[PDB]
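Labels for the chains are A, B, C, D, E and F, by order of writing; each one numbers its residues from 1.
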Amino acid sequence: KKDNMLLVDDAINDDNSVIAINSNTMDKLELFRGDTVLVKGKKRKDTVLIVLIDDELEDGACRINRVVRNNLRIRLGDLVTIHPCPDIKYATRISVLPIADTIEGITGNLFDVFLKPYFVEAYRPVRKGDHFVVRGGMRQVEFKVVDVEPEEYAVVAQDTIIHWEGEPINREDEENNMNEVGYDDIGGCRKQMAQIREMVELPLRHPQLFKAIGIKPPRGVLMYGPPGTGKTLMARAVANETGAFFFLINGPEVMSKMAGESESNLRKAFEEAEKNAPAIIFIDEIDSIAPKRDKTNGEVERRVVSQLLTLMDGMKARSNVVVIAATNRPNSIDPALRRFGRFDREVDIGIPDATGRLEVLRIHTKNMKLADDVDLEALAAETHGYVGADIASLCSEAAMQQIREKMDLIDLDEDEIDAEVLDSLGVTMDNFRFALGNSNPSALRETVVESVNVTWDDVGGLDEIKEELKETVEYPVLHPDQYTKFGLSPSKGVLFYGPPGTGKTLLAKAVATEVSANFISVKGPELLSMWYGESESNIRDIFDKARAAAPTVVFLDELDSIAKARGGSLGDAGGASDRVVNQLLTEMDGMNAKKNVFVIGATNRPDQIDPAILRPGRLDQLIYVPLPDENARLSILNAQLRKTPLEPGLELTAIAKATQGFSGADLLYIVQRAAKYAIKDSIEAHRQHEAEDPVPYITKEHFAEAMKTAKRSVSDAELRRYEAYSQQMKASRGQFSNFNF
Amino acid sequence: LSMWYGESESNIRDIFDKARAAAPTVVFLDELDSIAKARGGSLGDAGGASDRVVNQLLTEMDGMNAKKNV
Amino acid sequence: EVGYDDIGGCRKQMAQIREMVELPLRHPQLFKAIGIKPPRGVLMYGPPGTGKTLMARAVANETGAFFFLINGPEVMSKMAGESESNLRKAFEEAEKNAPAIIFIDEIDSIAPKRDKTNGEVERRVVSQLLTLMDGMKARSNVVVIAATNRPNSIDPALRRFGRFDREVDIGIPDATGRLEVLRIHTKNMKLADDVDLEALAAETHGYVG
Amino acid sequence: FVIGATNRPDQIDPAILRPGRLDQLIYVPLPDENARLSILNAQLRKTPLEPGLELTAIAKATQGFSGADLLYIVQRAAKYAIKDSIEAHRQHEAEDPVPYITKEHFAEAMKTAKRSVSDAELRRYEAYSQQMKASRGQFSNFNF
Amino acid sequence: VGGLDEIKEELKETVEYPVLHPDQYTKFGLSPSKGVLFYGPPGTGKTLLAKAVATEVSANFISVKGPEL
Amino acid sequence: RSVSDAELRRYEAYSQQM
């Protein structure tokens, strides 16, 4: 660690042009009390200040007032490189201008009042772009150094000529200067960032390595991936920090109605990029000027493709210029354009990780006055399938929710907003929680599940099934470290089979409400179409969207509908159900990465299911959800009657013991008949009391008259078939015992 | 019902979305002998289409919807 | 001229659109104190006949910002390189004058999702829209508003943050919404004195817009 | 070099199984007691294991099992070990405990483990193999 | 890929023979074998053998699903 | 062997028909 880089600390010396170093820092780097030092911080900005021995400073970080700190675009707790410059010398002239909102109200001689005593005998070391502050006349004015004669930076000796002018401005320019996007805003794709920045920066800083190794560096970038990942932000940062010439080309921007004008526009753009300097060309959205030369039917597109292929690599092709392209799909590009020399190194800026989302959260929440109690680690851990561009939407929704909360209680004051509430706004944690609960990833906006409202405590009984489903769902989500320490892949599939009216769809809804993963739900024949292969395309697209924004859980409802075994029809319907079964078997376990794809299947007919899809790796857990016993019947009777008023003398034990063959749907029918009878009694009593709350709860008489027409759902033959299938599944566990070692 | 592959289930999904969209509606499902047929197994395309339309009715009547008023 | 008080019955979506239209344009002091740029995209979907064009006319007639109207297929042409030029001319005319509001009506006719169609002109129009809505120096004090009957036939790169981030759901109203629509549409007709609107709103169930 | 991997050789066209297009019809059978031990050794290659734990009893107990079933057994044992580790972590935080997979985890994972293929499909595959061997009729030591 | 020793050795040599020694194949004057088909019970190691061929054998690998094209 | 027995029966039936 070279001791020439230091962190920003609070300021003791309240002077503008000054920084404080400690004496043990002075012997570690020779400097003095009068020495004028150049501070170069982030965003490629600089400033000049006077170093002064400070005992409290402690050598490791430096004290600088908020004015210096601002000009460098840094904060308290940011690193800066310090280095001395005596090459700078006394100014010839200076060009400062007051910022409009800091002088609204007064007028007259700003020089005699503010500037004259501020610069006098101090010979301040200023810089172009600096914004300093002068306190006097019961206010503080801000000027910006617009120009100096002696290069970028100079000193203000008594002989130096200070020129101020009075046409002040609104700070639109100041906001633009602060914004310049810097290399430290694309945090989350380190390997792709390094792979771009290497061929961007290394043949421009020092080409001696390439002159010694003899070979020429690659001059082509193709940034492909999902939309909303940071390719345009990377191109903007390359355009903003790299001092070479830049030229941005949009996709359908060169196209003109004249015959032979788009190729002339491309030639003029390339000759303009080659004429000035070694430059960088960013051609964005190359899927509109490269339709693969075979699937297209026009002539202008083929001639544009030939113009690009000739002008990018041919005779006297490219004299020290590099082309960067950005696309949403890499497959609809010409393979001659995907060649070496034109577009050779294809970086893959893809879906980030937990630390990448934490870096994006720390980048996007560094300019707002957020809180003193909001943590970003849980926000980055509970966010699962966001593409990296929805994090800014999350923070914008949280800020808008906080603003909408502050706008309704206190009056808006539509003429002018009172500035007392602006100093204390903040962003709380429940705003971020509401913004997380009221958003979705941008890739899963088309298969959004409707907002059902159930609870794990609303599904009575089945405690072993519930804890096994919770284990299977939340072990690879919450603890990936144990799974990567043991070096094994987690189990993902689970199938629910049993009698209808039991709680399989209710268990799927209870999963869809409050698991720590995204939910994608389908019906049985919902993904089938009338064309040839469109059902296969729908299956492949929904599985790519499930495995892209991982972790998700897929609820394949009616596996009897979506999957037959094979070839069961004597006369085929075109041979499509077997292809759907084959595509399901390939997508659930094939030549993929298998990041996180949980498959939940709920059927009521396990005889017509493929044994190739009943096999481990796709659906290993064959969970049988049986009919409830007495205790499970009591718990579902207490859970279906969770939010209702009841009589205190009501005993559900006789209802749980008298039925002894019922199910959850039949008990819900009993509860609904009792509620309908109570509603009829309330309507009759209200009509009687209005002709000449009558009942505040449901009585035992309503249940006694509702249990007169109660009937079972399943018969004694379907239960025989289900128990025979369960006994066959238990007979598949033959040649086994307690297995004591 | 229809000739093509999945058009009957698309019509079922369309009429059930029209039912649950402008809720409350009431649907008169006539001839459940013709629609349901109590699937079992028949080893044919008619049996496959019957299984598909029955499972579509099962996922549309009580499935993962809002079940406002049908 | 229609105002904000003619879309009674969809007050939640009215507030959700009126916030991002009025608050960044009336006084930006809260957004400058919090240091967060506001969202700049509206996508009003739902059933046909709910009031999205009426909301667009209300935010056109109410606010003092410039309003440039762009229809669905009116930007198309037969020459190669003309529809993208019309879209670029519309965007520069909306960006050059003032902080303005753009209303692209029927966006499902110029967004065929770039995968199910074989025409290069539609892909070029979608690429021009994706470049003009999110690129280098993309939007300066302007905001786009969409209105479509089907929300699934739009490119996911167009259904993203920065282009169309706030997808409001102007859906069917409840009985109070029918009461507000019946009270708004019957304010210019002297109908009777012994007539009620509560039973008229409570009788119908499937009447939307 | 085309490679086909189909779990039902009945629906294949008989002109593709002709030599010159797909001549090597390799039947991949179920593993025996000497192959299930090697499968369990290959699946447990990158995990810490008990030095006293043997896989011979697991290879000898399962006779109609498959590699997917052995992977399911290994995954259930790992899930039980992860559950015991997080239970010990919660008890330690209330008031590395599990360094490897013990024998009780395998004994609890081998209780809910079943075979993938049934007896009728195995009979169908042996019938297809015997039909292919009956297509290899009139073959012997073949003296010249 | 545990087990399947003879199948693994036969598949590996059938792939690696004409791409490393073509001189013996043109000395004998015959074209090498091309195709190989695996069939059996599901979940046995066919796709695992294909992945083992894809990951380390010097020939270029083009993977394609069934109804994908 | 390459061809099965039923394909030879189908080809013999087609040769007897034509």
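The working rule: a contact is a pair of C-beta atoms (placed from the backbone, for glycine too) under 8 Å apart; a residue touches a chain by one contact, two chains touch by 3 or more.
In UniProt terms the chains read A = Cell division control protein 48.
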Contacting subunit C as well as subunit D are chains A
Does D-F or D-E have the larger number of C-beta pairs in contact?
-> D-E
Intercentroid distance (Cα basis), subunit E paired with subunit C, Å = 58
Subunit A and subunit C: spacing of chain centres that average the CA atoms, whole Å | 25
Could you grab the centroid distance between subunit E and subunit F? Build each centroid from C-alpha atoms only and quote it in angstrom.
-> 33
Any idea how many Å lie between the Cα centroids of subunit A and subunit D?
-> 40
Shared-contact residues (touching 2 or more other chains) in subunit A = 611-612, 615-617
Here the pairs of chains that touch are A-B, A-C, A-D, A-E, B-C, D-E, D-F
Using the touch definition up top, name the residues of subunit F that touch subunit D in the complex.
-> 1-4, 7
Subunit D contacts subunit F in the complex at 14, 17-19, 135-136
Sort out for me which residues of subunit A touch subunit B in the complex.
-> 449-450, 452, 505, 508-509, 512, 521, 523-526, 528-530, 535, 555, 557-558, 560-561, 564, 568-574, 576-577, 605, 608
So in the complex, which bits of subunit E are touching subunit A?
-> 42-43, 47, 50-51, 54, 63, 65-68
Touching subunit D in the complex: which residues of subunit E?
-> 1-4, 7, 10-11, 14-15, 33-50, 53, 59
